[PDB]
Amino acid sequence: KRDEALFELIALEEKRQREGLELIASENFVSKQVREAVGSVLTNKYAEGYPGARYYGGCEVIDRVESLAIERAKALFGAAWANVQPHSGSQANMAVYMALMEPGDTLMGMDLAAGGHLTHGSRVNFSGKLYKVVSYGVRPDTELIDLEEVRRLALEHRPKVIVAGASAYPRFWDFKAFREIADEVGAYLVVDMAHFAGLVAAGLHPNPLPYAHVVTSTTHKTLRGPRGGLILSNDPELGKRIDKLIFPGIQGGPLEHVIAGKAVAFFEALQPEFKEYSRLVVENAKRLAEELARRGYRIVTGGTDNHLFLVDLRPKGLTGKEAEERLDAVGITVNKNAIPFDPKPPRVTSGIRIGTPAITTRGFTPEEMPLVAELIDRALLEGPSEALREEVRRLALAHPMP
């Protein structure tokens, strides 16, 4: 019997995605072929271990699939080693941490409020429970990272691992300087590029590979691949260590169907069209931030060098939570986001984060940004209304989905 109830819900989700403007910076739309690989029969095989060295037999074909994913990732980012088995960006980070540190060791990451990710030291996350955390933020004036403050904290606290990368920082990172700092205290530099991995692949963001000891990322988000994790490094000896922490350390059987999707995504990212897409992502972001600033909205750091930006809603008397609900009401999805030195708690926040990867995949162009800016503005000042919901629907329906 077909589970009609379940598939009807899936059909409702396809409609919502099609009829709305997804502006959540960590979302994107995967291609049909990525979905074909993920929904393949590769899910029927337990391939514990690594190519050429599996626990069980019958993996001759799976080994070639995983290997291709491995080699493509290396070629894409210019790495000497890769591990494509992490179930998620969180499991990727978990494995690296456990391979380089012992519980109790000091880990240094970006403050969640300043833009860091949950896995960079939050007390409610495994990162802050097992390790002693030290956090760096941004300057109160420019809202940019101050490398001398980072250096100071590093010399004072002497972390075993320093993490660069974030989920809500709109500017470029100086990986060379971060490595220098790490070298001064004998720490490992781990760069979590999950957010900007796609921009690095396209050459539109500084590559961390030559400076970091280890690099982690998701395969989804700007890279536009299936939901999952990835780990890279220019040091294969360190790589062997980390392979052990993924398996048998923290995971069991890998999701080979997903890994086949990663191979496909790396294949797509290697095509000239991917660079053109990424360029538009950035152009769309800058232009959208600009159109919103022209309307009286304050953009954190004043702009962006990447795919996302943060809007400070304090001047407009709106909490991030309220903005998110009003926009969601008309088919515009974002997520409330704490801003640097946010007076309000994390459950409320004072701002919202916006990203363009998703709508750029749907063919939105910089010339359309003024229209998107208008709808967002109206939704925040005038609140939700049927006519506004319709205007959003028509705009979205005019752009196809992959």
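Just so we're on the same page, rigid core means the largest C-alpha set that superposes within 1.5 Å between forms. In case it trips you up, residue 1 is the first one in the sequence shown, and so on.
Greater C-alpha displacement in 5 other deposited structures of this protein (rigid core superposition, RMS over structures and residues), of 336-344 versus 23-31: 336-344. In summary, of the stretches 239-247 and 308-316, 308-316 shows the greater Cα distance from the shown form in 5 other deposited structures of this protein, with structures fitted on the rigid core. When the mean C-alpha temperature factors of 79-87 and 153-161 are read from the deposited coordinates, 153-161 comes out higher.
Judged by mean Cα B factor in the deposited record, 55-63 ranks above the other of 55-63 and 22-30. Which of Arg179, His120, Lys316, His205 has the largest Cα B-factor in the deposited entry comes down to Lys316. Set against one another, the Cα B-factors of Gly225, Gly109, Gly198, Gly320 in the record reach their highest point at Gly320. In the deposited entry, the Cα temperature factor of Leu68 sits in the bottom third of values across the chain's modelled residues. When the modelled residues of the chain are ordered by C-alpha B-factor, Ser217 sits in the lowest third.
In the PDB entry, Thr365 places in the middle third of its chain by CA B-factor. Placement of the Cα temperature factor of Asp141 within the chain: highest third of the modelled residues, per the deposited record. Among the modelled residues of the chain, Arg347 sits in the highest third by CA temperature factor in this PDB entry.
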